[PDB]
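S.K.: Encoded as structure tokens, here's the structure I'll be asking about.
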Amino acid sequence: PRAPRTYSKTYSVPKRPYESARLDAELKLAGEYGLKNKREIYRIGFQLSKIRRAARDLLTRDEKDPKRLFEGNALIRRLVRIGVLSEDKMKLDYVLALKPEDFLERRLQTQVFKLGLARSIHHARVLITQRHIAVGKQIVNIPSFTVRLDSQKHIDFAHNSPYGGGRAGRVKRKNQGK
Amino acid sequence: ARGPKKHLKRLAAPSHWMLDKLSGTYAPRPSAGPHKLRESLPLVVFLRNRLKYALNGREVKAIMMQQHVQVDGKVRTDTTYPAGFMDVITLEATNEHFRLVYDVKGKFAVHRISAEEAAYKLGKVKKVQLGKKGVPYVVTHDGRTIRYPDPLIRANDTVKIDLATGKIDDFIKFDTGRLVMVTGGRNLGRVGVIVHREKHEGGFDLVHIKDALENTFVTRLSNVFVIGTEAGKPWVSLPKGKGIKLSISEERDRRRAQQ
Amino acid sequence: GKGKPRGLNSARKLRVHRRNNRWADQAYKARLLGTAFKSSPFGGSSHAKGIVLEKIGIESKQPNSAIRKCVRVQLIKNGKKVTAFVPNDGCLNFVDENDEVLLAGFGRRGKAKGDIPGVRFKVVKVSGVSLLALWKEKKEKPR
Amino acid sequence: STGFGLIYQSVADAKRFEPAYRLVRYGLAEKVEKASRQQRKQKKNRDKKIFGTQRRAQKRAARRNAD
Amino acid sequence: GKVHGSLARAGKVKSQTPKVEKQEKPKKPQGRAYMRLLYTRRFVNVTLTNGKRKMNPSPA
RNA sequence: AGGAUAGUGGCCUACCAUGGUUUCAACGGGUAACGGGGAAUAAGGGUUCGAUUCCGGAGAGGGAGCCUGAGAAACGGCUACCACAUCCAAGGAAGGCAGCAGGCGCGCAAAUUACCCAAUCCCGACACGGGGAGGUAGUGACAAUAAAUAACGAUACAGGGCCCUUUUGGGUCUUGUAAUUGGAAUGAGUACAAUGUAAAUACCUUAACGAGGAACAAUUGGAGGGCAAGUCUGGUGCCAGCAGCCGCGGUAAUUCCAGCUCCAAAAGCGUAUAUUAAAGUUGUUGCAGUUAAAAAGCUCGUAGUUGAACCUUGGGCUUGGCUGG
Ligand SMILES: [Mg+2]
Ligand SMILES: [Mg+2]
Ligand SMILES: [Mg+2]
Ligand SMILES: [Mg+2]
Ligand SMILES: [Mg+2]
Ligand SMILES: [Mg+2]
Ligand SMILES: [Mg+2]
Ligand SMILES: [Mg+2]
Ligand SMILES: [Mg+2]
Ligand SMILES: [Mg+2]
Ligand SMILES: [Mg+2]
Ligand SMILES: [Mg+2]
Ligand SMILES: [Mg+2]
Ligand SMILES: [Mg+2]
Ligand SMILES: [Mg+2]
Ligand SMILES: [Mg+2]
Ligand SMILES: [Mg+2]
Ligand SMILES: [Mg+2]
Ligand SMILES: [Mg+2]
Ligand SMILES: [Mg+2]
Ligand SMILES: [Mg+2]
Ligand SMILES: [Mg+2]
Ligand SMILES: [Mg+2]
Ligand SMILES: [Mg+2]
Ligand SMILES: [Mg+2]
Ligand SMILES: [Mg+2]
Ligand SMILES: [Mg+2]
Ligand SMILES: [Mg+2]
Ligand SMILES: [Mg+2]
Ligand SMILES: [Mg+2]
Ligand SMILES: [Mg+2]
Ligand SMILES: [Mg+2]
Ligand SMILES: [Mg+2]
Ligand SMILES: [Mg+2]
Ligand SMILES: [Mg+2]
Ligand SMILES: [Mg+2]
Ligand SMILES: [Mg+2]
Ligand SMILES: [Mg+2]
Ligand SMILES: [Mg+2]
Ligand SMILES: [Mg+2]
Ligand SMILES: [Mg+2]
Ligand SMILES: [Mg+2]
Ligand SMILES: [Mg+2]
Ligand SMILES: [Mg+2]
Ligand SMILES: [Mg+2]
Ligand SMILES: [Mg+2]
Ligand SMILES: [Mg+2]
Ligand SMILES: [Mg+2]
Ligand SMILES: [Mg+2]
């Protein structure tokens with residue numbers, strides 16, 4: 001038959017289901033970033049858990065090792081590219097020091113609220129889901145869309161949105177049309 | 001298994017074709033021909049996947065049935081014909097001549113050549129022996145049989161085929177200092193000069209090759225193809241890159257500067 | 001010297017000794033002896049269907065005092081007879097003689113649970129309808 | 001939107017090197033009318049039971065049924 | 001062990017439990033909104049009794 | 001030595017020797033055993049699985065024997081036997097779904113008797129025919145990805161936050177309550193249509209329609225401990241039942257049956273079984289053996305395992321490539 005298509009899981013659940021310290025930390029963290037559920041917190045922790053594993057293997061190698069230099073610089077460059085890692089912390093030791101709030105800062109939902117286009121973080125998600133926000137000339141309706149540094153300046157209302165120069169929406173047309 | 005296989009699973013095809021996983025269940029099975037199955041390139045892959053002249057397998061058959069495609073100066077209509085190393089592909093409708101030479105990345109490069117260079121080819125001598133009525137002959141890497149060769153020509157040498165009469169113009173003896181491209185193994189596509197030939201009776205002889213950057217690698221004698229009489233003097237035009245293998249860090253640095 | 005060989009060429013002794021001593025692990029014995037395949041009423045399966053033979057009721061163990069309401073079921077796959085508990089308040093009234101019931105273990109993996117003596121299975125479905133659906137009046141028994 | 005396009009040197013060249021379904025899309029050809037695949041396959045297998053011409057086969061089959 | 005007993009009392013308590021209908025209460029918010037409701041309830045308007053914090057205080 | 005084979009060969013025959021394997025486990029038995037690439041879990045070391053997208057092997061109900069052909073001991077080829085089994089005018093004849101779809105049976109356990117060669121490829125005398133190979137759709141909560149179920153105001157009313165200030169009384173800006181009040185936004189759905197396709201469906205775009213209880217109404221398990229969240233109310237009263245384990249139930253039951261409230265995960269959640277970590281409870285890393293389980297009654301002893309030290313060191317001369325600075 002046809003070749004199999006690869007797929008993989010993008011999250012992992014905690015080993016201890018009930019722990020007040022972790023439950024309170026998650027809810028405090030979900031409330032700050034307007035997340036739908038706990039799985040969106042597990043997803044960040046999962047990809048951060050494997051970022052640490054990759055960094056540990058390179059850190060055990062000698063400095064100036066060809067694999068450590070190539071993949072370490074590439075991983076740092078990618079993290080700098082999405083704005084998670086600062087430009088003055090490209091040392092692979094500050095990579096281990098990264099925290100989940102660094103990743104939630106770079107979500108589309110966080111940037112819409114922090115750019116003043118929305119009153120609150122929960123307004124940001126519905127604006128995104130309702131096809132109002134465009135990055136560049138492309139409409140993006142995924143709240144977890146990770147904003148790159150060069151894409152940061154191009155976040156604004158979609159050109160065909162009621163808030164961004166488009167026509168009036170469904171509700172207004174029904175009222176003003178009577 | 002009761003007989004020869006006639007299918008080729010997509011996953012079981014040679015990796016240097018660079019076929020995608022999800023385009024179908026099967027891959028083009030190369031026909032029997034001058035080149036081995038694992039070391040060939042079917043014309044359907046070349047005309048559709050490489051040049052992208054044809055959009056699908058129906059179109060490559062339409063191209064070849066109008067007599068456009070010539071391999072080694074003869075019109076070929078077999079869509080799965082196993083073209084291989086040093087073969088010449090002529091498309092006089094587009095006025096293009098190609099030679100199948102490996103690039104340094106291990107794949108068959110899209111190597112355009114002049115019409116003057118497309119008038120001959122090189123073949124590695126596999127064996128020299130006597131035929132019926134005591135007539136010596138040479139077998140090249142593409143299955144060619146040339147009678148009455150120069151009596152100095154021996155195995156592992158390279159001959160220059162007139163490619164229109166099939167005769168030998170001249171040859172290169174296998175010896176230290178000859179220009180070489182590697183045609184097998186993980187050093188496939190690299191170009192260098194012979195430094196030292198290490199003999200092993202009953203086993204596999206090993207050849208030490210020095211890159212233009214004074215990088216040394218070892219490969220089996222069966223993967224050695226003599227292409228020039230000395231360094232910097234190849235008998236055919238080399239593909240872009242001149243067969244010098246760069247490390248990934250060097251490639252990343254070169255790509256950064258180019259862009 | 002810790003009572004086991006340490007020489008670099010004593011791998012056979014180490015491999016055979018470990019192989020001999022894993023037989024002391026009862027969990028290991030059941031996997032290789034195939035006891036679930038040979039001895040378990042389900043034959044190693046998670047579930048098994050059967051026919052209800054009779055409603056009887058089992059007295060609980062001390063210090064508890066109650067009537068655990070079970071049924072006698074004959075398994076279709078091998079004809080063996082087992083006792084299966086009928087969970088929840090009043091679900092025995094959903095189970096009649098000569099009904100087809102789907103069984104499952106009690107979750108203790110071959111041992112009896114709690115004060116219920118000698119019962120290792122529970123009723124999951126009757127007449128192809130979930131016992132929980134009948135209990136919560138989500139569905140009605142087809143009869 | 002993004003797609004793919006072909007421009008031939010002439011309409012005659014286009015009609016030669018084009019799939020049938022695209023010419024039907026453009027009105028340059030008529031959709032060929034054939035029976036379903038089940039009917040074509042069943043007819044092929046029915047004809048497999050006849051050796052020789054159909055005229056001979058049906059006349060001989062007719063002769064057997066004296067009715 | 002000895003196993004037997006009268007089957008007449010099956011479902012005794014559940015049968016005689018007085019049926020009480022659920023009051024038609026407002027729907028709770030779903031999805032992201034429910035996480036928003038819980039976050040404020042636990043970190044914005046804290047209802048602690050001077051170090052005594054209860055999620056479900058019974059009326060007392 | 002011969003015969004046979006495409007060919008080596010006890011492959012077989014004639015004659016002749018008595019050899020061949022084995023405690024470094026032969027031979028035999030079992031396998032809920034096709035092998036591998038690989039899968040699950042994983043600090044390391046490991047444990048468990050691999051019928052199944054690729055490769056190799058084997059088979060076409062069970063055997064056996066063959067024809068054609070380069071290639072088959074082929075089975076959508078034949079011959080014969082065994083077991084099933086079809087039509088019959090009773091003389092005879094015809095079978096092989098572990099191919100696609102489908103049916104019976106089996107079961108805890110698995111979908112349509114659909115469309116097409118347009119793509120991927122294969123076959124043929126071949127640019128043209130054929131292909132249940134293959135592709136498309138149907139069923140599909142096997143698994144996997146992203147991700148709705150509301151957002152924002154305005155007032156009311158409260159508190160904090162500040163400021164006019166001594167407090168007083170206010171102005172006033174951040175939260176919480178509002179059966180207490182609005183206007184905005186959108187896709188689920190549907191739909192002209194275009195795109196998509198061999199033709200369609202669906203997706204993606206997109207006119208018009210499409211949200212206040214926005215009934216376009218989120219569920220599954222729990223609330224004594226483990227383990228997060230009730231000593232609330234009613235019912236029962238060692239009964240019914242719960243309860244993985246410890247335990248709960250004999251009239252205010254924190255555990256049953258319910259209502260309210262609350263907790264956990266959420267388009268998913270629970271249960272059963274297997275397996276992995278936890279398990280340093282299989283221990284090579286890395287267990288224990290006086291008394292918790294465990295030194296053979298004691299010596300000898302073959303295989304196995306393991307076995308004291310010792311043989312060009314030091315010095316000197318030049319010598320390249322790199323790393324402080
Ligand atoms: Mg909590
Ligand atoms: Mg050849
Ligand atoms: Mg040739
Ligand atoms: Mg085990
Ligand atoms: Mg007890
Ligand atoms: Mg049943
Ligand atoms: Mg015919
Ligand atoms: Mg015919
Ligand atoms: Mg002989
Ligand atoms: Mg022989
Ligand atoms: Mg088997
Ligand atoms: Mg196995
Ligand atoms: Mg471990
Ligand atoms: Mg496998
Ligand atoms: Mg396998
Ligand atoms: Mg099996
Ligand atoms: Mg599978
Ligand atoms: Mg296979
Ligand atoms: Mg076979
Ligand atoms: Mg069968
Ligand atoms: Mg077959
Ligand atoms: Mg056979
Ligand atoms: Mg068949
Ligand atoms: Mg079938
Ligand atoms: Mg199923
Ligand atoms: Mg079915
Ligand atoms: Mg598809
Ligand atoms: Mg809903
Ligand atoms: Mg619709
Ligand atoms: Mg529609
Ligand atoms: Mg159309
Ligand atoms: Mg509930
Ligand atoms: Mg309760
Ligand atoms: Mg607690
Ligand atoms: Mg417990
Ligand atoms: Mg009372
Ligand atoms: Mg009471
Ligand atoms: Mg009470
Ligand atoms: Mg309590
Ligand atoms: Mg409880
Ligand atoms: Mg939750
Ligand atoms: Mg461990
Ligand atoms: Mg144990
Ligand atoms: Mg101990
Ligand atoms: Mg121990
Ligand atoms: Mg004792
Ligand atoms: Mg003693
Ligand atoms: Mg002894
Ligand atoms: Mg020694």
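Just so we're on the same page: first chain in the structure tokens is A, next is B, and so on; residues restart at 1 for each chain, and ligands are numbered from 1 in the order they show up.
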Collect all residues with atoms no farther than 12 Å from ligand 40, counting only C-alpha atoms (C1' of nucleotides) and all ligand atoms, and output them as a list in words.
M.R.: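 Taking only C-alpha atoms (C1' of nucleotides) and all ligand atoms into account, the residues around ligand 40 at most 12 Å away are residues 222, 223, 224, 225, 226, 227, 229, 242, 243, 246, 247, 248, 253, 254, 255 and 256 of chain F.
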S.K.: Excluding residue 28 of chain D and residues on its chain fewer than 6 positions from it, collect all residues at most 12 Å away from it, counting only C-alpha atoms (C1' of nucleotides), and give them as a list in words.
M.R.: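 My list of contacting residues is residues 11, 12, 14, 15, 16, 18, 19, 20, 21 and 22 of chain D.
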S.K.: Counting only C-alpha atoms (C1' of nucleotides) and all ligand atoms, name the residues that have an atom within 9 Å of an atom of ligand 29; the answer should be given as an MDAnalysis selection string.
M.R.: chainID F and resid 188:191
S.K.: Can you pull out every residue with an atom within 9 Å of ligand 14? Use only C-alpha atoms (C1' of nucleotides) and all ligand atoms and format it as a PyMOL selection string.
M.R.: chain F and resi 35-38+50-52
S.K.: Given the selection you just returned, output its residues as a file containing C-alpha atoms (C1' of nucleotides), formatted as a PDB file, in the first residue's frame.
M.R.:
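Wrote it out as result30.pdb, contents follow:
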ATOM      1  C1'   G F  35      12.328 -13.505  10.671  1.00  0.00           C
ATOM      2  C1'   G F  36      14.094  -8.396  10.184  1.00  0.00           C
ATOM      3  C1'   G F  37      13.587  -2.953   9.553  1.00  0.00           C
ATOM      4  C1'   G F  38      10.982  -1.547  13.812  1.00  0.00           C
ATOM      5  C1'   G F  50       6.703  -6.849  16.293  1.00  0.00           C
ATOM      6  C1'   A F  51      -0.228 -11.060  12.424  1.00  0.00           C
ATOM      7  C1'   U F  52      -0.017  -5.732  10.123  1.00  0.00           C
TER       8        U F  52
END
S.K.: Out of segment 18-221 of chain B, which residues get alpha helix (DSSP H) from DSSP, as a PyMOL selection string?
M.R.: chain B and resi 43-44+57-65
S.K.: Convert the current residue selection to file output with N, CA and C atoms, as a PDB file, in the first residue's frame.
M.R.:
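selection.pdb written:
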ATOM      1  N   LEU B  43      14.087   7.326 -17.341  1.00  0.00           N
ATOM      2  CA  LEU B  43      13.805   8.550 -18.079  1.00  0.00           C
ATOM      3  C   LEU B  43      12.523   9.226 -17.613  1.00  0.00           C
ATOM      4  N   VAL B  44      11.592   8.468 -17.031  1.00  0.00           N
ATOM      5  CA  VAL B  44      10.377   9.065 -16.483  1.00  0.00           C
ATOM      6  C   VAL B  44      10.709   9.986 -15.313  1.00  0.00           C
ATOM      7  N   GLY B  57       3.055  10.887 -15.668  1.00  0.00           N
ATOM      8  CA  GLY B  57       3.585   9.759 -16.413  1.00  0.00           C
ATOM      9  C   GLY B  57       2.969   9.598 -17.785  1.00  0.00           C
ATOM     10  N   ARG B  58       1.750  10.100 -17.975  1.00  0.00           N
ATOM     11  CA  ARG B  58       1.131  10.059 -19.294  1.00  0.00           C
ATOM     12  C   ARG B  58       1.888  10.949 -20.268  1.00  0.00           C
ATOM     13  N   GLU B  59       2.384  12.087 -19.784  1.00  0.00           N
ATOM     14  CA  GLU B  59       3.040  13.051 -20.653  1.00  0.00           C
ATOM     15  C   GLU B  59       4.444  12.612 -21.044  1.00  0.00           C
ATOM     16  N   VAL B  60       5.167  11.933 -20.148  1.00  0.00           N
ATOM     17  CA  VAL B  60       6.506  11.479 -20.513  1.00  0.00           C
ATOM     18  C   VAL B  60       6.440  10.442 -21.629  1.00  0.00           C
ATOM     19  N   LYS B  61       5.399   9.604 -21.645  1.00  0.00           N
ATOM     20  CA  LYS B  61       5.239   8.656 -22.742  1.00  0.00           C
ATOM     21  C   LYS B  61       4.900   9.368 -24.045  1.00  0.00           C
ATOM     22  N   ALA B  62       4.110  10.441 -23.965  1.00  0.00           N
ATOM     23  CA  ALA B  62       3.824  11.237 -25.154  1.00  0.00           C
ATOM     24  C   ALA B  62       5.078  11.904 -25.706  1.00  0.00           C
ATOM     25  N   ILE B  63       5.964  12.378 -24.825  1.00  0.00           N
ATOM     26  CA  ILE B  63       7.204  13.007 -25.279  1.00  0.00           C
ATOM     27  C   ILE B  63       8.070  12.006 -26.031  1.00  0.00           C
ATOM     28  N   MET B  64       8.250  10.820 -25.460  1.00  0.00           N
ATOM     29  CA  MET B  64       9.190   9.872 -26.043  1.00  0.00           C
ATOM     30  C   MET B  64       8.643   9.185 -27.287  1.00  0.00           C
ATOM     31  N   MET B  65       7.324   9.080 -27.419  1.00  0.00           N
ATOM     32  CA  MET B  65       6.766   8.438 -28.601  1.00  0.00           C
ATOM     33  C   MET B  65       6.832   9.309 -29.851  1.00  0.00           C
TER      34      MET B  65
END
S.K.: Please identify all protein, DNA and RNA residues within 12 Å of ligand 32, counting only C-alpha atoms (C1' of nucleotides) and all ligand atoms, and report them as a list in words.
M.R.: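 Using only C-alpha atoms (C1' of nucleotides) and all ligand atoms, everything at most 12 Å from ligand 32 comes to residues 218, 219, 220, 221, 222, 223, 262, 263, 264, 269 and 270 of chain F.
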S.K.: Store the residues picked out above, limited to N, CA, C and O atoms (P, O5', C5', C4', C3', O3' and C1' of nucleotides), as a PDB file, in the first residue's frame.
M.R.:
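New file result.pdb:
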ATOM      1  P     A F 218     -23.515  22.911  25.675  1.00  0.00           P
ATOM      2  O5'   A F 218     -22.856  21.675  26.424  1.00  0.00           O
ATOM      3  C5'   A F 218     -23.558  20.443  26.557  1.00  0.00           C
ATOM      4  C4'   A F 218     -22.804  19.462  27.423  1.00  0.00           C
ATOM      5  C3'   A F 218     -22.466  19.946  28.835  1.00  0.00           C
ATOM      6  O3'   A F 218     -22.404  18.818  29.706  1.00  0.00           O
ATOM      7  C1'   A F 218     -20.476  19.462  27.683  1.00  0.00           C
ATOM      8  P     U F 219     -23.722  18.096  30.278  1.00  0.00           P
ATOM      9  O5'   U F 219     -23.338  16.553  30.176  1.00  0.00           O
ATOM     10  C5'   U F 219     -23.279  15.904  28.912  1.00  0.00           C
ATOM     11  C4'   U F 219     -21.980  15.156  28.729  1.00  0.00           C
ATOM     12  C3'   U F 219     -21.581  14.216  29.854  1.00  0.00           C
ATOM     13  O3'   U F 219     -22.234  12.960  29.747  1.00  0.00           O
ATOM     14  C1'   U F 219     -19.718  15.535  29.202  1.00  0.00           C
ATOM     15  P     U F 220     -22.493  12.042  31.043  1.00  0.00           P
ATOM     16  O5'   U F 220     -21.059  11.445  31.398  1.00  0.00           O
ATOM     17  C5'   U F 220     -20.336  10.642  30.474  1.00  0.00           C
ATOM     18  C4'   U F 220     -18.920  10.426  30.945  1.00  0.00           C
ATOM     19  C3'   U F 220     -18.780   9.850  32.346  1.00  0.00           C
ATOM     20  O3'   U F 220     -18.864   8.435  32.335  1.00  0.00           O
ATOM     21  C1'   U F 220     -17.329  11.716  32.087  1.00  0.00           C
ATOM     22  P     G F 221     -19.257   7.621  33.661  1.00  0.00           P
ATOM     23  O5'   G F 221     -17.930   7.666  34.533  1.00  0.00           O
ATOM     24  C5'   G F 221     -18.006   7.809  35.940  1.00  0.00           C
ATOM     25  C4'   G F 221     -16.734   8.377  36.511  1.00  0.00           C
ATOM     26  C3'   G F 221     -16.742   8.599  38.013  1.00  0.00           C
ATOM     27  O3'   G F 221     -16.471   7.416  38.742  1.00  0.00           O
ATOM     28  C1'   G F 221     -15.889  10.518  36.935  1.00  0.00           C
ATOM     29  P     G F 222     -17.251   7.131  40.116  1.00  0.00           P
ATOM     30  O5'   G F 222     -16.978   8.435  40.991  1.00  0.00           O
ATOM     31  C5'   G F 222     -16.265   8.361  42.215  1.00  0.00           C
ATOM     32  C4'   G F 222     -15.436   9.599  42.444  1.00  0.00           C
ATOM     33  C3'   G F 222     -15.731  10.377  43.716  1.00  0.00           C
ATOM     34  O3'   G F 222     -15.120   9.812  44.861  1.00  0.00           O
ATOM     35  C1'   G F 222     -15.546  11.871  41.891  1.00  0.00           C
ATOM     36  P     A F 223     -15.917   9.783  46.251  1.00  0.00           P
ATOM     37  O5'   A F 223     -15.821  11.290  46.752  1.00  0.00           O
ATOM     38  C5'   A F 223     -14.567  11.887  47.047  1.00  0.00           C
ATOM     39  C4'   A F 223     -14.751  13.285  47.578  1.00  0.00           C
ATOM     40  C3'   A F 223     -15.838  13.455  48.629  1.00  0.00           C
ATOM     41  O3'   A F 223     -15.403  13.134  49.932  1.00  0.00           O
ATOM     42  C1'   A F 223     -16.081  15.120  46.976  1.00  0.00           C
ATOM     43  P     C F 262     -20.526  25.833  43.002  1.00  0.00           P
ATOM     44  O5'   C F 262     -19.280  24.933  43.417  1.00  0.00           O
ATOM     45  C5'   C F 262     -18.413  25.333  44.469  1.00  0.00           C
ATOM     46  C4'   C F 262     -17.557  24.186  44.941  1.00  0.00           C
ATOM     47  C3'   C F 262     -16.606  23.612  43.901  1.00  0.00           C
ATOM     48  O3'   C F 262     -15.422  24.377  43.743  1.00  0.00           O
ATOM     49  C1'   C F 262     -17.721  21.852  45.016  1.00  0.00           C
ATOM     50  P     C F 263     -14.593  24.322  42.364  1.00  0.00           P
ATOM     51  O5'   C F 263     -13.846  22.918  42.409  1.00  0.00           O
ATOM     52  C5'   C F 263     -12.852  22.655  43.385  1.00  0.00           C
ATOM     53  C4'   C F 263     -12.316  21.253  43.260  1.00  0.00           C
ATOM     54  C3'   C F 263     -11.747  20.880  41.900  1.00  0.00           C
ATOM     55  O3'   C F 263     -10.404  21.304  41.733  1.00  0.00           O
ATOM     56  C1'   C F 263     -13.210  19.174  42.645  1.00  0.00           C
ATOM     57  P     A F 264      -9.879  21.759  40.287  1.00  0.00           P
ATOM     58  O5'   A F 264      -9.609  20.396  39.506  1.00  0.00           O
ATOM     59  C5'   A F 264      -8.708  19.416  40.006  1.00  0.00           C
ATOM     60  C4'   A F 264      -8.723  18.177  39.142  1.00  0.00           C
ATOM     61  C3'   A F 264      -8.779  18.423  37.641  1.00  0.00           C
ATOM     62  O3'   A F 264      -7.506  18.679  37.079  1.00  0.00           O
ATOM     63  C1'   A F 264     -10.360  16.767  38.240  1.00  0.00           C
ATOM     64  P     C F 269      -9.519  13.032  28.345  1.00  0.00           P
ATOM     65  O5'   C F 269     -10.548  12.294  29.310  1.00  0.00           O
ATOM     66  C5'   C F 269     -11.055  12.952  30.462  1.00  0.00           C
ATOM     67  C4'   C F 269     -12.230  12.215  31.051  1.00  0.00           C
ATOM     68  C3'   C F 269     -11.981  10.778  31.478  1.00  0.00           C
ATOM     69  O3'   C F 269     -11.310  10.668  32.724  1.00  0.00           O
ATOM     70  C1'   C F 269     -13.989  10.891  30.251  1.00  0.00           C
ATOM     71  P     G F 270     -10.435   9.357  33.053  1.00  0.00           P
ATOM     72  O5'   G F 270     -11.506   8.210  33.322  1.00  0.00           O
ATOM     73  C5'   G F 270     -12.285   8.199  34.508  1.00  0.00           C
ATOM     74  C4'   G F 270     -13.409   7.196  34.428  1.00  0.00           C
ATOM     75  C3'   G F 270     -13.013   5.730  34.470  1.00  0.00           C
ATOM     76  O3'   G F 270     -12.676   5.278  35.772  1.00  0.00           O
ATOM     77  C1'   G F 270     -14.631   6.065  32.784  1.00  0.00           C
TER      78        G F 270
END
S.K.: Using only C-alpha atoms (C1' of nucleotides), I'd like a table of the residues in chain B that come within 12 Å of chain F; for each, show the closest atom pair and its distance in Å rounded to one decimal, ordered by chain and ascending number, as CSV.
M.R.:
residue,atom,partner,partner_atom,distance
B:1,CA,F:72,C1',8.7
B:2,CA,F:72,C1',5.4
B:3,CA,F:71,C1',5.0
B:4,CA,F:71,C1',7.5
B:5,CA,F:122,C1',10.6
B:6,CA,F:122,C1',7.1
B:7,CA,F:122,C1',6.6
B:8,CA,F:121,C1',8.2
B:9,CA,F:54,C1',8.0
B:10,CA,F:120,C1',8.8
B:11,CA,F:54,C1',6.1
B:12,CA,F:54,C1',6.5
B:13,CA,F:54,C1',10.2
B:19,CA,F:120,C1',11.5
B:20,CA,F:120,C1',11.1
B:21,CA,F:120,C1',10.7
B:22,CA,F:120,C1',9.2
B:23,CA,F:120,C1',6.3
B:24,CA,F:120,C1',4.1
B:25,CA,F:120,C1',5.8
B:26,CA,F:121,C1',5.4
B:27,CA,F:121,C1',6.4
B:28,CA,F:121,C1',6.6
B:29,CA,F:121,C1',8.6
B:30,CA,F:121,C1',11.7
B:44,CA,F:121,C1',11.5
B:55,CA,F:119,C1',10.5
B:56,CA,F:119,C1',7.9
B:57,CA,F:120,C1',8.8
B:58,CA,F:127,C1',9.4
B:59,CA,F:127,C1',10.0
B:60,CA,F:127,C1',10.4
B:61,CA,F:127,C1',7.0
B:62,CA,F:127,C1',6.0
B:63,CA,F:127,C1',9.1
B:64,CA,F:127,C1',8.8
B:65,CA,F:127,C1',5.8
B:66,CA,F:127,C1',8.2
B:67,CA,F:127,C1',11.0
B:77,CA,F:127,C1',10.1
B:78,CA,F:127,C1',11.7
B:79,CA,F:127,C1',11.7
B:80,CA,F:121,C1',11.1
S.K.: Take atom CA of residue 132 of chain A and atom CA of residue 109 of chain A and report the distance between them in Å, one decimal.
M.R.: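 It comes out at 12.2 Å.
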S.K.: What does the distance from atom CA of residue 225 of chain B to atom CA of residue 158 of chain B come to in Å, to one decimal?
M.R.: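 Computing it gives 7.4 Å between the two atoms.
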S.K.: With only C-alpha atoms (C1' of nucleotides) and all ligand atoms counted, collect every polymer residue having an atom within 12 Å of ligand 9; state the result as a PDB file with C-alpha atoms (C1' of nucleotides), in the first residue's frame.
M.R.:
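Saved result, result35.pdb, follows:
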ATOM      1  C1'   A F   1      33.350 -44.919  -9.164  1.00  0.00           C
ATOM      2  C1'   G F   2      28.921 -43.933 -11.270  1.00  0.00           C
ATOM      3  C1'   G F   3      23.704 -41.931 -11.916  1.00  0.00           C
ATOM      4  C1'   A F   4      20.813 -37.631 -11.710  1.00  0.00           C
ATOM      5  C1'   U F   8      28.434 -28.441  -6.244  1.00  0.00           C
ATOM      6  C1'   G F   9      27.115 -31.992  -2.813  1.00  0.00           C
ATOM      7  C1'   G F  10      25.040 -38.904   0.473  1.00  0.00           C
ATOM      8  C1'   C F  11      21.217 -35.449  -3.765  1.00  0.00           C
ATOM      9  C1'   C F  12      20.755 -40.981  -5.032  1.00  0.00           C
ATOM     10  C1'   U F  13      23.100 -45.933  -6.217  1.00  0.00           C
ATOM     11  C1'   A F  14      27.233 -49.822  -5.818  1.00  0.00           C
TER      12        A F  14
END
S.K.: Chain F residues within 8 Å of chain A, counting only C-alpha atoms (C1' of nucleotides): which ones, as a list in words?
M.R.: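 On the chain F side, the interface is residues 53, 144, 146, 147, 151, 152, 184, 185, 186, 187, 227, 228 and 264 of chain F.
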S.K.: At a cut-off of 7 Å, which residues of chain C touch chain F? Count only C-alpha atoms (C1' of nucleotides) and give the answer as a PyMOL selection string.
M.R.: chain C and resi 5+7+10+18+21-22+34+37+45-48+64-66+88-89+104-105+107-108
S.K.: Set the cut-off to 9 Å, count only C-alpha atoms (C1' of nucleotides) and all ligand atoms, and list whatever residues fall near ligand 20 as a PyMOL selection string.
M.R.: chain F and resi 60-61+96-98
S.K.: Show me which residues are within 12 Å of ligand 48 counting only C-alpha atoms (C1' of nucleotides) and all ligand atoms, and format the list as a ChimeraX atom specification.
M.R.: /F:296,300-301
S.K.: Give the residues of chain E that lie within 9 Å of chain C; count only C-alpha atoms, and format the answer as a list in words.
M.R.: residues 1, 2, 3, 4, 5, 6, 7, 9, 10, 11, 12, 13, 14 and 15 of chain E
S.K.: Which residue is closest to chain F? Choose from E:24, E:19, E:50, E:43 and count only C-alpha atoms (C1' of nucleotides).
M.R.: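 Nearest candidate to chain F out of E:24, E:19, E:50, E:43: E:19.
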S.K.: Can you check which residues of chain E have any atom within 10 Å of chain F? Use only C-alpha atoms (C1' of nucleotides) and format it as a VMD selection string.
M.R.: chain E and resid 9 to 23 25 to 33 40 to 41 44 to 45 54 to 60
